[PDB]
């Protein structure tokens, strides 16, 4: 039974229940993430920015079946075009706006990757992607406002592929954590 999370801590407790089993009800998880009303004081600990690129800040290690982290996007910071390594990927905006651009998986032939669509994700909205849906790029296109997002990945994963927009060629990258549980992790 899905109740409104009262706080981030409450959301985390609820997520541990929703991931107690071996499968994932995507619509239920998205609904509870969306229902949490971002309260900046509850997540300030994790909102550690870097001047030059977006940061990944681990919030909860989950129960073996998922991770939860906070990503902090300075003005103009964005990602590569990338996949999510056969995992579910939920993205909830906590502050600001992000642009999500969707791409299809490339064919073996070297070719420009042309966007299939784009949308603006706004405060408190929860979006979802998986590899069957496609690849994406996420960017804070603002010149004046940092963005903060809450991401849930299931299963956890620590590598993905970045795709060259000119050719569709991919390269494996190891994803790193700027902090874990509020502690900077150089």
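Numbering follows the first chain given and starts at 1.
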Could you check the entry and say whether 59 to 67 or 28 to 36 has the higher mean CA B-factor?
-> 59 to 67
Per the entry, where is the mean C-alpha temperature factor higher: 170 to 178 or 12 to 20?
-> 170 to 178
In this PDB entry, which of 82, 77, 116, 92 has the top CA B-factor?
-> 116
When you compare the CA B-factors of 110, 97, 87, 101 as listed in the entry, which one comes out on top?
-> 110
Rank-wise, by C-alpha B-factor, drop residue 139 into the lowest, middle or highest third of its chain.
-> lowest
Ranked against its chain, the third holding the CA B-factor of residue 132 | highest
Going by what the PDB entry lists, where does residue 152 fall on CA B-factor within its chain: lowest, middle or highest third?
-> lowest
Within this chain, which third does the Cα B-factor at residue 50 fall in: lowest, middle or highest?
-> lowest
